[PDB]
Structure formats: C-alpha cells, structure tokens
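Chain by chain, the residues:
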Amino acid sequence: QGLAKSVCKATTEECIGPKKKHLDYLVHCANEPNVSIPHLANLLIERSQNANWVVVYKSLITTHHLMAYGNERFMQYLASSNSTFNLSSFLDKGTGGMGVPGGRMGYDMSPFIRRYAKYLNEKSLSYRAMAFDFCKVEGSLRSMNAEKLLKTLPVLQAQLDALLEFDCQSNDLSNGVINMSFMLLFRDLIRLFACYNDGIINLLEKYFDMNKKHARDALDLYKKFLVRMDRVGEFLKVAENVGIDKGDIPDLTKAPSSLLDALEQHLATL
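Residues numbered from 1 in each chain as written, not as in the entry; some residues may be left out. Heavy atoms only, no water. Residues with missing side-chain atoms left out of burial classes, pairs and counts.

Header annotation of the entry names X-ray crystallography as the structure determination method and lists the resolution as 2.2 Å.

The protein goes by SYNAPSE-ENRICHED CLATHRIN ADAPTOR PROTEIN LAP in the PDB entry, where it is assigned to Drosophila melanogaster. Under its PDB header, the title given for this structure is "CRYSTAL STRUCTURE OF N-TERMINAL DOMAIN OF DROSOPHILA AP180". Recorded in UniProt under Subunit, the annotation for the protein is "Binds clathrin and phosphatidylinositol 4,5-bisphosphate." The protein has a UniProt comment under Sequence similarities that states "Belongs to the PICALM/SNAP91 family." (UniProt positions renumbered as here; feature names shortened; annotations may be inferred.)

Caption draft 1: Seen up close, the overall build of the protein. Across its full length, the protein holds ten helices and zero strands. In sequence order, the secondary structure elements of the protein are arranged as α-α-α-α-α-α-α-α-α-α. For the protein, whose C-alpha radius of gyration is 20 Å, the value lies close to the compact-globule estimate of 18 Å for 270 residues. The C-alpha extent of the protein, read off along each of the three principal axes, is 70 × 45 × 35 Å. (Helix = DSSP H or I, 4+ residues; strand = E, 2+ residues; numbered from the N terminus. Rg over C-alpha atoms; globule rule 2.2 N^0.38 Å.)

Caption draft 2: Region of the structure containing helix α4 (residues 53-69). Taking 1.5 Å per residue as the helical rise, α4 with its 17 residues ought to reach 24 Å, and the 24 Å between its terminal C-alpha atoms agrees with that figure. Among the 17 residues of α4, 15 are classified as buried, and the element is accordingly described as predominantly covered. At the N-terminal end of α4, a side-chain oxygen is found 2.8 Å from the backbone nitrogen of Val54, two or three residues along, and the residue is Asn52. (Expected span 1.5 Å × (residues − 1). Buried < 20%, exposed > 50% of the residue type's maximum accessible area, 1.4 Å probe, protein only. Polar contact = N/O pair within 3.5 Å; in protein donor to acceptor, adjacent residues only side chain to side chain.)

Caption draft 3: Local environment of the pattern of salt bridges. This structure, assessed with the given rule, holds 13 salt bridges. Here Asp133 and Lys136 are joined by a salt bridge, their closest N and O atoms 2.7 Å apart. On the basis of relative accessible area, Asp133 is assigned to the buried category, the value being 6%. Residue classification places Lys136 among the partly exposed positions, given a relative accessible area of 38%. Connected via shared salt-bridge partners are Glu72, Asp133 and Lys136. (Salt bridge = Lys/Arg side-chain N within 4 Å of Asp/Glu carboxyl O.)

Caption draft 4: Region of interest: the domain arrangement of the protein. By domain assignment, the protein separates into domain 1 (1-118) and domain 2 (136-252). Each of domain 1 and domain 2 has a C-alpha centre, and the two are 25 Å apart. In this assembly, 20 residues from domain 1 lie in contact with 17 residues from domain 2. Of the roughly 1600 Å² buried between domain 1 and domain 2, counting both surfaces, carbon and sulfur atoms make up 65%. Considering only the side of domain 1, the residues that lose the most area to domain 2 are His64, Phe112 and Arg115, jointly responsible for 30% of the buried surface there. In this assembly, domain 1 and domain 2 are joined by two salt bridges. Here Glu165 ties to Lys118 by a salt bridge, and the two come within 2.8 Å at their closest N and O atoms. Linking domain 1 with domain 2 are six residue pairs in polar contact. (Domains from an automatic or database assignment. Contact = heavy atoms within 4.5 Å. Buried area = accessible area lost by both parts, 1.4 Å probe.)

Caption draft 5: View of the packing of helix α8 (residues 176-207) against helix α9 (residues 213-241). Viewed as axis vectors pointing N to C, α8 and α9 meet at an angle of 150°, and their least axial separation amounts to 10 Å. When the axis of α8 is compared with that of α9, the two are roughly antiparallel. For the crossing formed where α8 meets α9, the hand is left-handed. Looking at the contact of α8 with α9 residue by residue, the classes come out as 23 nonpolar, one polar and two charged. (Axes fitted to C-alpha atoms, helices over the stretch in contact; angles between N-to-C directions. Parallel < 35°, antiparallel > 145°, perpendicular 65-115°, else oblique. Left-handed = near helix turned anticlockwise from the far one by under 90°. Nonpolar A, V, L, I, M, F, W, Y, C, P; charged D, E, K, R; others polar.)

Caption draft 6: Molecular detail of the packing of aromatic side chains. According to the stated counting rule, one finds nine aromatic pairs in the structure shown. Ring geometry for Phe112 and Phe166: centres 5.1 Å apart, planes at 55°, overall tilted. By the burial criterion, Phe112 is buried, and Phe166 matches it. Centroid distance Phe182 to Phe235: 5.0 Å. Interplanar angle 15°. Geometry classified as stacked. Here the residue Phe182 occupies a position in helix α8, and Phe235 occupies one in helix α9, the gap between them amounting to 53 residues. By relative accessible area, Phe182 is classed as buried at 3%. Cluster of aromatic residues (ring-pair linked, three or more members): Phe112, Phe166, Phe182 and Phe235. (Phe/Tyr/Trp six-rings, centres within 6.5 Å; stacked < 30°, edge-to-face > 60°.)

Written as structure tokens, this is what we have:
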C-alpha cells in the first residue's frame, strides 16, 4: 500500500510542517471506500510513538488534517474503535544532519505535543458522543430543542476547553511545526466558537420557558460560557499577534450584565 510510504513522507524528521502534497494524498486515500481506515490510523499511531518530537508532532498534525479535511471515515474510526493517542507522558529531552543541535526544542515542544494530542483525543470523544463533528455543522445548535441542547452544550464545552488548554504564548510559536498546529487549532476554535455562540443564543431563547431543574442547568452553562469567552478572547489576541489575518478573527463583544441579572431573577421566582 502506498499508505505506509505516504505516512512517512508526511512525518519526516525535517523540522517543518507536513507538506501539502502528502496531506492531500492521504486525504484522497482516506475518502476511498476500498482503503483500510484502521490500517491508516495505525500507521499514524505508530509514528506518534516515535522518540523524535518532530515526527510525533507532525503525526499529530497529519491526523488533525485528516480529521478536519477528509470525509468522516477516518474520524468515525478514531471515535468508535476508540483509537486514541497515548502521549500523556511524552517527553523528549534527547536531542541527524550536519550535526545541527536541536537544543532544548524537544523539551519545550513536549507540553504542546501533550496538550495537542489530548485535544485530538477530545475531538474523537466529542464526535463519539454526538455522531457528528461540531466543526462542520446537520445538527444545528441554533434550532436544536431544549433537552437536546442541554446534553449537547456540555460536550461542545469540553471540546473547546481541551482546545484552550493548548495555552501558548507568542514566544512559544517558534518553528514551522508548532505554527502549523496552532493554525489548525485556530481554524477549529473559530468553528467551535460559532457553534457555542449559536447554542447559547438558543439556550437563552428557551431559558424562560424551561422548568426548574433545566433552568438551573442552563444558568450554570451560561455562566461557564461567559468565563470561556474571555479565554477565547485571549486565544484570539495571541492569534492576532502571531500573524493571523484580522479578517479571520471574530469580533467579540463583552456580554451584558443586565441580561445575567435577568436570568437570575427569573430563576428565583421559579
């Protein structure tokens, strides 16, 4: 199978992000009904077990790319057959070429590899719980019904929380590998942010017609949402400073407290 060779070409030790050509080939393969998704996943998982942080991170970036740009086949597998990454203890302190030193790159990249892998596994978990990819919304948060909304927001929120745990500073984004991952995280965040907002507008529309327990659930979810928009604001700030088009940066607006005041008063009278 051309797979193996292709997975290796996209996950080479060269310290730059996987090349568009290879990512495009793998996406082609991933959408083909006669190709073994399990096999392709195992090949990537195998590379994610490498000792070299560059190979690992690129394997994670390739998986993210397949998850966001190929059809669901690849994604459905990881979520169902629960095929996760196991990098919760990844650590690269052991730095060939022309004898070029890697310095403390492996060490400083390690936390990001961990957080990124964790977000990708959380992306799988989220799809396993919903049967669909929030970053592609079939399954409108805006129109969804109260009960469905309340079981959906906790899942969307957990996926967004895992993404924000990336928590990098501008000085951290210092090579082509981590830069590419941050770009892919940014694209997911924008989509996630939009779904979250839709879900919350919907929550507020149905809030006043909710019973007693559901009213309390919704109020909590709403407060959590407020905390998270500040976090998204900080993420976007960093996105702005590292060179991402301000035209692709959503213009957030502080939420009105009078509104939160209303939700609480209504809750009591209930």
